[PDB]
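J.: My structure is stored as coords_9.txt, with compact mmCIF, C-alpha atoms.
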# COMPACT_ATOMS: atom_id res chain seq x y z
CA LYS W 1 8.12 5.73 5.07
CA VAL W 2 9.62 3.49 7.74
CA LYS W 3 13.10 4.74 8.79
CA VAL W 4 15.54 2.15 10.17
CA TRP W 5 18.71 3.03 12.19
CA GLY W 6 20.95 1.23 14.63
CA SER W 7 23.20 -1.83 15.01
CA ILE W 8 23.10 -5.63 15.69
CA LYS W 9 25.62 -7.80 17.71
CA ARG W 10 24.39 -11.20 16.42
CA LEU W 11 22.96 -12.85 13.25
CA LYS C 1 16.15 -0.23 0.97
CA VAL C 2 17.83 -1.03 4.30
CA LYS C 3 21.61 -1.48 3.99
CA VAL C 4 23.55 -3.74 6.43
CA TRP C 5 27.33 -3.33 7.02
CA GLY C 6 29.88 -4.45 9.62
CA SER C 7 30.99 -7.61 11.43
CA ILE C 8 30.03 -10.33 14.03
CA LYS C 9 32.07 -12.54 16.40
CA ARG C 10 29.17 -14.89 17.35
CA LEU C 11 25.92 -16.44 16.01
CA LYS N 1 35.22 -12.28 12.73
CA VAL N 2 32.43 -12.83 10.24
CA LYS N 3 31.98 -9.87 7.84
CA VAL N 4 28.30 -8.89 7.23
CA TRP N 5 27.27 -6.74 4.28
CA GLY N 6 24.54 -6.20 1.79
CA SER N 7 20.89 -5.26 2.04
CA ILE N 8 17.42 -6.31 3.05
CA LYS N 9 15.24 -5.09 0.16
CA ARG N 10 12.18 -7.34 0.91
CA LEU N 11 10.64 -7.29 4.48
CA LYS P 1 20.60 -10.29 -0.02
CA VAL P 2 22.75 -10.02 3.09
CA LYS P 3 26.01 -11.79 2.43
CA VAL P 4 28.12 -13.13 5.26
CA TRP P 5 31.83 -14.21 5.19
CA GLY P 6 34.53 -14.98 7.78
CA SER P 7 35.28 -17.12 10.80
CA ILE P 8 34.14 -17.50 14.46
CA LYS P 9 36.37 -18.73 17.37
CA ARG P 10 33.28 -20.41 19.03
CA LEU P 11 29.49 -20.87 18.46
CA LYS B 1 37.77 -21.64 14.13
CA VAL B 2 34.44 -22.19 12.36
CA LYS B 3 34.34 -20.83 8.79
CA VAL B 4 31.04 -19.20 7.99
CA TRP B 5 30.04 -18.10 4.53
CA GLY B 6 26.80 -17.63 2.65
CA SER B 7 23.79 -15.32 2.65
CA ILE B 8 20.48 -14.46 4.34
CA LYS B 9 17.36 -13.97 2.14
CA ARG B 10 14.93 -12.69 4.86
CA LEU B 11 16.73 -10.89 7.75
CA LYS H 1 28.89 -4.85 15.60
CA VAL H 2 26.86 -4.62 12.31
CA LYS H 3 25.36 -1.22 11.23
CA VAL H 4 21.71 -1.35 10.09
CA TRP H 5 20.38 1.73 8.37
CA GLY H 6 17.96 2.78 5.62
CA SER H 7 14.25 2.68 4.91
CA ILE H 8 11.31 0.35 4.22
CA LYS H 9 8.77 2.20 1.98
CA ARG H 10 6.57 -0.76 1.01
CA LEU H 11 6.11 -3.68 3.44
CA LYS L 1 19.43 -2.65 19.03
CA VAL L 2 18.03 -1.09 15.83
CA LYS L 3 15.52 1.83 16.03
CA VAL L 4 12.54 1.57 13.70
CA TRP L 5 10.16 4.51 13.33
CA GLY L 6 7.81 5.92 10.76
CA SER L 7 4.79 4.76 8.81
CA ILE L 8 3.53 1.89 6.65
CA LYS L 9 1.58 3.00 3.53
CA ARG L 10 1.94 -0.14 1.29
CA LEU L 11 0.83 -3.05 3.56
CA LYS E 1 -2.12 5.54 8.41
CA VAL E 2 -0.11 2.75 10.03
CA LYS E 3 2.35 4.31 12.47
CA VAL E 4 5.39 2.37 13.70
CA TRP E 5 7.77 3.16 16.63
CA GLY E 6 10.14 0.90 18.48
CA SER E 7 13.20 -1.29 18.14
CA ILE E 8 14.52 -4.72 16.95
CA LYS E 9 17.44 -6.63 18.64
CA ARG E 10 18.45 -9.13 15.87
CA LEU E 11 16.05 -8.42 12.88
CA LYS Z 1 9.67 -4.44 20.45
CA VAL Z 2 8.21 -2.37 17.58
CA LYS Z 3 4.91 -0.66 18.65
CA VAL Z 4 2.18 -0.58 15.89
CA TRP Z 5 -0.87 1.67 15.87
CA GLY Z 6 -3.16 3.45 13.47
CA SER Z 7 -5.50 2.64 10.59
CA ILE Z 8 -5.54 0.96 7.15
CA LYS Z 9 -7.42 3.24 4.62
CA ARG Z 10 -6.19 0.89 1.81
CA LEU Z 11 -3.04 -1.30 1.16
CA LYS O 1 -11.98 1.70 9.14
CA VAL O 2 -9.64 -1.19 9.96
CA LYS O 3 -7.82 -0.06 13.14
CA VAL O 4 -4.46 -1.52 14.27
CA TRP O 5 -2.90 -1.55 17.77
CA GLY O 6 -0.26 -3.77 19.26
CA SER O 7 3.43 -4.64 19.11
CA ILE O 8 5.67 -6.87 16.91
CA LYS O 9 9.05 -8.59 17.64
CA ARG O 10 10.56 -8.63 14.12
CA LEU O 11 10.16 -6.72 10.82
CA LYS F 1 0.61 -9.43 18.72
CA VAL F 2 -1.11 -6.64 16.79
CA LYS F 3 -4.84 -6.30 17.57
CA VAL F 4 -6.86 -5.56 14.48
CA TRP F 5 -10.50 -4.60 14.54
CA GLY F 6 -12.84 -2.60 12.36
CA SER F 7 -14.49 -2.84 8.95
CA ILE F 8 -14.01 -2.44 5.19
CA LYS F 9 -16.61 -0.39 3.21
CA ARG F 10 -15.35 -1.15 -0.36
CA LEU F 11 -13.55 -4.55 -0.62
CA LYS T 1 -19.82 -4.09 5.39
CA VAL T 2 -17.00 -6.56 5.92
CA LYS T 3 -16.14 -6.62 9.59
CA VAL T 4 -12.73 -7.73 10.78
CA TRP T 5 -11.66 -8.77 14.35
CA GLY T 6 -8.67 -10.53 15.93
CA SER T 7 -4.90 -10.39 16.21
CA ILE T 8 -1.79 -10.89 13.98
CA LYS T 9 1.64 -12.17 15.21
CA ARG T 10 3.43 -9.91 12.60
CA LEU T 11 2.60 -7.40 9.79
CA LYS Q 1 -24.83 -9.94 -2.52
CA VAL Q 2 -21.35 -11.44 -2.07
CA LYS Q 3 -20.80 -12.91 1.41
CA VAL Q 4 -17.28 -13.08 2.96
CA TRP Q 5 -16.40 -15.56 5.77
CA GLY Q 6 -13.23 -16.97 7.34
CA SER Q 7 -9.91 -15.77 8.78
CA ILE Q 8 -6.47 -14.16 7.99
CA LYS Q 9 -3.02 -14.38 9.63
CA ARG Q 10 -1.46 -11.43 7.70
CA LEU Q 11 -2.30 -8.07 6.05
CA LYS M 1 -5.76 -14.82 13.61
CA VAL M 2 -8.01 -12.04 12.40
CA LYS M 3 -11.63 -13.19 11.83
CA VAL M 4 -13.22 -11.83 8.59
CA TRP M 5 -16.97 -11.86 8.05
CA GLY M 6 -19.77 -9.94 6.49
CA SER M 7 -20.61 -8.89 2.96
CA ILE M 8 -19.76 -6.68 0.04
CA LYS M 9 -23.17 -5.42 -1.15
CA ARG M 10 -21.86 -2.39 -3.18
CA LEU M 11 -19.10 -2.98 -5.86
CA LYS U 1 -25.68 -11.97 -13.10
CA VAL U 2 -22.04 -12.01 -12.02
CA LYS U 3 -21.25 -15.15 -9.95
CA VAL U 4 -18.38 -14.92 -7.44
CA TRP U 5 -16.63 -17.98 -5.87
CA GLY U 6 -13.30 -18.65 -4.24
CA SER U 7 -11.07 -17.59 -1.34
CA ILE U 8 -8.55 -14.86 -0.26
CA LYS U 9 -5.35 -15.23 1.91
CA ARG U 10 -4.88 -11.49 2.64
CA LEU U 11 -6.94 -8.29 3.27
CA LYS S 1 -8.13 -18.40 4.37
CA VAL S 2 -11.35 -16.29 3.84
CA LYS S 3 -14.24 -17.75 1.71
CA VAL S 4 -15.70 -15.35 -0.89
CA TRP S 5 -18.93 -16.40 -2.51
CA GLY S 6 -22.18 -14.94 -3.89
CA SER S 7 -23.29 -12.70 -6.72
CA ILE S 8 -23.14 -9.13 -8.06
CA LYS S 9 -26.37 -8.41 -10.04
CA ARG S 10 -26.02 -4.63 -10.42
CA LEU S 11 -22.54 -3.06 -10.64
CA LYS I 1 -7.84 -16.53 -5.75
CA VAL I 2 -11.56 -15.81 -6.29
CA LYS I 3 -13.27 -16.86 -9.58
CA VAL I 4 -15.57 -14.26 -11.11
CA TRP I 5 -17.76 -15.16 -14.08
CA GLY I 6 -21.02 -14.09 -15.61
CA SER I 7 -22.54 -10.91 -16.97
CA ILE I 8 -23.09 -7.24 -16.14
CA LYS I 9 -26.59 -5.93 -17.01
CA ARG I 10 -26.82 -2.85 -14.66
CA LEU I 11 -23.58 -0.88 -15.38
CA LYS R 1 -24.35 -7.82 -22.95
CA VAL R 2 -21.24 -7.31 -20.83
CA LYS R 3 -19.60 -10.68 -20.27
CA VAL R 4 -17.09 -11.21 -17.45
CA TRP R 5 -14.65 -14.14 -16.85
CA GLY R 6 -11.56 -14.29 -14.72
CA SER R 7 -10.25 -14.05 -11.18
CA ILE R 8 -9.29 -11.63 -8.32
CA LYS R 9 -6.43 -12.29 -5.79
CA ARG R 10 -7.33 -9.83 -2.94
CA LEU R 11 -10.60 -8.03 -4.08
CA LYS D 1 -23.30 -0.07 -30.11
CA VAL D 2 -20.76 0.66 -27.37
CA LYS D 3 -18.37 -2.35 -27.48
CA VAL D 4 -16.15 -3.36 -24.53
CA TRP D 5 -12.94 -5.45 -24.54
CA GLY D 6 -10.12 -5.65 -22.04
CA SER D 7 -9.23 -6.81 -18.54
CA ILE D 8 -9.60 -5.42 -14.97
CA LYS D 9 -7.57 -6.09 -11.76
CA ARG D 10 -10.29 -5.52 -9.12
CA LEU D 11 -14.12 -5.55 -8.91
CA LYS A 1 -7.24 -10.67 -13.87
CA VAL A 2 -10.95 -10.44 -14.78
CA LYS A 3 -11.43 -10.47 -18.61
CA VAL A 4 -14.23 -8.10 -19.88
CA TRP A 5 -15.88 -8.27 -23.30
CA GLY A 6 -19.17 -7.57 -24.99
CA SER A 7 -21.55 -4.66 -25.55
CA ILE A 8 -23.59 -2.05 -23.64
CA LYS A 9 -27.20 -1.90 -25.12
CA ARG A 10 -28.17 0.33 -22.12
CA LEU A 11 -27.10 0.65 -18.38
Step by step, read the file and then write its structure as structure tokens.

T.:
Amino acid sequence: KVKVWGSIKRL
Amino acid sequence: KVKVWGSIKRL
Amino acid sequence: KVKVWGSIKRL
Amino acid sequence: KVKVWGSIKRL
Amino acid sequence: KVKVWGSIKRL
Amino acid sequence: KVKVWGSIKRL
Amino acid sequence: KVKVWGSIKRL
Amino acid sequence: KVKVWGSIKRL
Amino acid sequence: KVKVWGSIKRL
Amino acid sequence: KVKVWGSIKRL
Amino acid sequence: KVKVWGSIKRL
Amino acid sequence: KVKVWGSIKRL
Amino acid sequence: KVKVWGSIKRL
Amino acid sequence: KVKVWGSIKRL
Amino acid sequence: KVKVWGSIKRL
Amino acid sequence: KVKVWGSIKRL
Amino acid sequence: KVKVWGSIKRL
Amino acid sequence: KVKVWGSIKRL
Amino acid sequence: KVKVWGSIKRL
Amino acid sequence: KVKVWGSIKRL
């Protein structure tokens, strides 16, 4: 399983 | 799945 | 601001 | 699908 | 202001 | 800021 | 920045 | 097994 | 940068 | 055994 | 770039 | 035996 | 036997 | 690219 | 005799 | 693209 | 896609 | 006799 | 007589 | 899909 977590500032 | 939620001020 | 929402199901 | 909706003050 | 609407298929 | 969270099981 | 960790099973 | 560890800045 | 390492037994 | 080792920029 | 080396026994 | 050797830009 | 020869850019 | 060569003798 | 002919895009 | 050709006599 | 045609004798 | 006819996409 | 009829996905 | 049909007299 690949767990993803965080945030982005731009598209 | 990977959920996406929030906002951006630039591209 | 540009609202961003939804999901990336296929990667 | 990642839906996007709003407005930017500059590029 | 630049209106931005739509969706991303592959993020 | 856009929150990215979740999981990719199959690539 | 978005942290990604884990394992790919279905390639 | 394919192990993953790191980060993405935009996706 | 997402670091990738390991082995593919099957897909 | 197909071995893997390196780094990616996107998912 | 992800270096990939090795062999498949049963294709 | 099916031998494999080289590099991929992404998974 | 069945011979295999060429290249791939993805897995 | 990942070079692929060899043979599948047992199937 | 089983004759095989063609090409693959992925491993 | 990987070329697959040849024959399987015994399974 | 890889065409496979013919007959199995040694099962 | 065991007759075979068709195709494989990955092997 | 052992009869056979169907379809397979791999070899 | 590889279509299979026929009879096994012996193996």

J.: Work out how far CA of residue 2 in chain Q is from CA of residue 9 in chain F, in Å to one decimal.

T.: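 Atom-to-atom, CA of residue 9 in chain F to CA of residue 2 in chain Q, that is 13.1 Å.
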
J.: Quote the spacing between CA of residue 11 in chain R and CA of residue 8 in chain L in Å to one decimal place.

T.: 20.3 Å

J.: Onto chain Z, please fit chain M by least squares using all C-alpha atoms in order, then return the transformed chain as a PDB file with C-alpha atoms, keeping the file's coordinate frame.

T.:
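Heads up, here's the output in out38.pdb:
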ATOM      1  CA  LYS M   1       9.646  -4.048  21.400  1.00  0.00           C
ATOM      2  CA  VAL M   2       8.405  -1.970  18.502  1.00  0.00           C
ATOM      3  CA  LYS M   3       4.874  -0.570  19.073  1.00  0.00           C
ATOM      4  CA  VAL M   4       2.568  -0.817  15.991  1.00  0.00           C
ATOM      5  CA  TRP M   5      -0.606   1.234  15.713  1.00  0.00           C
ATOM      6  CA  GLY M   6      -2.785   3.031  13.268  1.00  0.00           C
ATOM      7  CA  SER M   7      -4.781   1.982  10.236  1.00  0.00           C
ATOM      8  CA  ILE M   8      -4.710   0.790   6.672  1.00  0.00           C
ATOM      9  CA  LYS M   9      -7.436   2.872   4.979  1.00  0.00           C
ATOM     10  CA  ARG M  10      -6.242   2.319   1.334  1.00  0.00           C
ATOM     11  CA  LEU M  11      -5.684  -1.322   0.074  1.00  0.00           C
TER      12      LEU M  11
END

J.: What's the separation between CA of residue 7 in chain O and CA of residue 1 in chain S, in Å to one decimal place?

T.: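 Between CA of residue 7 in chain O and CA of residue 1 in chain S the gap works out to 23.2 Å.
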
J.: Padding 4 Å on each side, edges along x, y and z: where is the centre of the box around the listed atoms of range 2-10 of chain H, and how long are its edges in Å to one decimal? Output it as lines of an AutoDock Vina configuration file.

T.:
center_x = 16.7
center_y = -0.9
center_z = 6.7
size_x = 28.3
size_y = 15.4
size_z = 19.3

J.: Within 7 Å of (-12.4, -8.1, 9.3) in the file's own coordinates, which protein, DNA or RNA residues have an atom, counting only C-alpha atoms? List them as a PyMOL selection string.

T.: (chain F and resi 5-7) or (chain T and resi 2-5) or (chain M and resi 2-5)

J.: My structure is short of atoms at chain C; please model N, CA and C atoms there, returning them as an mmCIF file, in the coordinates of the input.

T.:
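Writing done, so here's rebuild07.cif:
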data_model
loop_
_atom_site.group_PDB
_atom_site.id
_atom_site.type_symbol
_atom_site.label_atom_id
_atom_site.label_comp_id
_atom_site.auth_asym_id
_atom_site.auth_seq_id
_atom_site.Cartn_x
_atom_site.Cartn_y
_atom_site.Cartn_z
ATOM 1 N N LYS C 1 15.848 1.051 0.323
ATOM 2 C CA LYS C 1 16.150 -0.230 0.970
ATOM 3 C C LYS C 1 16.875 -0.042 2.300
ATOM 4 N N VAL C 2 17.086 -1.149 3.047
ATOM 5 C CA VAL C 2 17.830 -1.030 4.300
ATOM 6 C C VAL C 2 19.144 -1.764 4.104
ATOM 7 N N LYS C 3 20.245 -0.994 4.152
ATOM 8 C CA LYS C 3 21.610 -1.480 3.990
ATOM 9 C C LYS C 3 22.121 -1.975 5.355
ATOM 10 N N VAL C 4 22.949 -3.024 5.300
ATOM 11 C CA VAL C 4 23.550 -3.740 6.430
ATOM 12 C C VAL C 4 25.086 -3.748 6.197
ATOM 13 N N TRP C 5 25.884 -3.341 7.200
ATOM 14 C CA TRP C 5 27.330 -3.330 7.020
ATOM 15 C C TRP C 5 28.134 -3.384 8.322
ATOM 16 N N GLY C 6 29.056 -4.325 8.428
ATOM 17 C CA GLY C 6 29.880 -4.450 9.620
ATOM 18 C C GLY C 6 30.365 -5.859 9.844
ATOM 19 N N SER C 7 30.507 -6.251 11.126
ATOM 20 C CA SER C 7 30.990 -7.610 11.430
ATOM 21 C C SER C 7 30.421 -8.220 12.726
ATOM 22 N N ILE C 8 30.458 -9.568 12.841
ATOM 23 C CA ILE C 8 30.030 -10.330 14.030
ATOM 24 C C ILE C 8 31.099 -11.335 14.498
ATOM 25 N N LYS C 9 31.120 -11.603 15.787
ATOM 26 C CA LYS C 9 32.070 -12.540 16.400
ATOM 27 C C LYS C 9 31.343 -13.787 16.962
ATOM 28 N N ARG C 10 30.001 -13.790 16.888
ATOM 29 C CA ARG C 10 29.170 -14.890 17.350
ATOM 30 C C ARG C 10 27.845 -15.004 16.575
ATOM 31 N N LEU C 11 27.191 -16.173 16.681
ATOM 32 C CA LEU C 11 25.920 -16.440 16.010
ATOM 33 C C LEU C 11 24.896 -17.017 17.005
#
